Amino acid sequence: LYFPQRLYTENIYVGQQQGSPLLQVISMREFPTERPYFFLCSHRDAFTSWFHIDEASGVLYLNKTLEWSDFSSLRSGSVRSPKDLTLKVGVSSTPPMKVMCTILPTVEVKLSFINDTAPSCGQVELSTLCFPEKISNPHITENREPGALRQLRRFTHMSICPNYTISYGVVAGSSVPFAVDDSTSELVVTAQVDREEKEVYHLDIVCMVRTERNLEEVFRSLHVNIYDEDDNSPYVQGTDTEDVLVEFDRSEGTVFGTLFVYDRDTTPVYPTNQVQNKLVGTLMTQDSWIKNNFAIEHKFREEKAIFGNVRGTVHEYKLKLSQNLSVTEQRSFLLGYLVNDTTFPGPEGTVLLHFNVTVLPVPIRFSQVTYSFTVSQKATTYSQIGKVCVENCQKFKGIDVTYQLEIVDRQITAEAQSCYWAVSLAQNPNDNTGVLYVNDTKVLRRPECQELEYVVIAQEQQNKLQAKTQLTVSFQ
């Protein structure tokens, strides 16, 4: 059972008689043998015993003839007319119990108690007799059993105008799965519908009234919203496999591959707790190295243009690094990822995704070309002289290399050790590059201090791998 309508409304008047019908609450069956049992739930309120709902038909009736004192005694806190009354109506597929009112779905019946006697039939405009002032739009879910949807007669007004005949119809320009049941005056849905074909049905209702004058007609435009269920399995467009190379970029959080999965069903905006149409993924590997270093990132968003202008869901799966992978690691594996549409009925609601991963090692090493820098200008403290970099260091990401200058010859006099102050080195972690700059220019005034031979030492941090190269600086 579900309710195609969350709120009912009507006016009630002083002098309205015991036993007169007010409105009909509708429950739609989710299965053909399901039978509704209606009951009132507002037993917390005193006014609820002014009313009676028929357990089988769902028609709500006055249980008491309304009086002036009934109006004035409503403790709402607003002394003004009209006083709104809110009733709760419950429905169940078994015989009703008191506790269902606290625990089952209910409908709100909002009544406006007007502190006056009912209007005379000559005082009601045909449009009001025919159709509520503001018509709320019903909703049904796709793939459901046809059934009555809305009682079209205004019960209260046909008692004001008892000598009028009133019939309703669906005006069908195109063929629509909606009609009126002439015998009950209900709008009914005549077939199962498909949210993926149409999410909103526009309807024009015609009311035909035989007056003392002629047969009159009034038209009312409304529409029915179609709710979605998970009735489409996810699928890939093109490949289910993404080739991933891990080499010079090994930094955590970087994305190395992206696979897209599509689902024609809708999903609440990401991220959500709803379980309808949720896709849950699972790494298809028992392997500690893979699990502790790699991870899949899942996101989804609504799209419609790619689905033929029908709202569905686009999923993105991205292979991510958990932590900076050591430059010595080298592995090639085919990583499966099972994507399961959990609420898709039957065992065809999954897609297997594949990440074909190549992880190459990254050597730590200078080219065999040693550096020689010539400073043809008079040295100025802090002027950059040159840069040092291991092979392909400028492509590195997630690899920390630190550079150091050291003196080539060891058995060197104390005085000769000072010529090497002329140049120093700074880390440019922007690239993992080394920047040579001038330091002490005072030592350059010595002709022996104008040709410097250094060793540059690079050190990868995670594994402590070292590379060396030679470096000469000529102050000219």
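From 1 onward, residues are counted along the sequence shown.
For the segment pair 323-331 and 257-265, the entry gives 323-331 the higher mean B-factor, averaged over Cα atoms. Relative to its counterpart among 27-35 and 50-58, 27-35 has the higher mean temperature factor, C-alpha atoms as listed in the PDB entry. Going by the entry's values, 103 shows the largest Cα B-factor out of 129, 103, 205, 149. Ranking 350, 377, 211, 190 by the C-alpha B-factor listed in the PDB entry places 377 at the top. Split the chain's modelled residues into thirds by C-alpha temperature factor. Residue 398 is in the highest one. Ranked against the other modelled residues of its chain, the C-alpha B-factor of residue 80 as given in the entry falls in the highest third.
In the deposited entry, the Cα temperature factor of residue 90 sits in the bottom third of values across the chain's modelled residues. For residue 371, the recorded CA B-factor ranks within the middle third of the chain. Only modelled residues enter the ranking. When all modelled residues of the chain are sorted by CA temperature factor, residue 177 is found within the lowest third.
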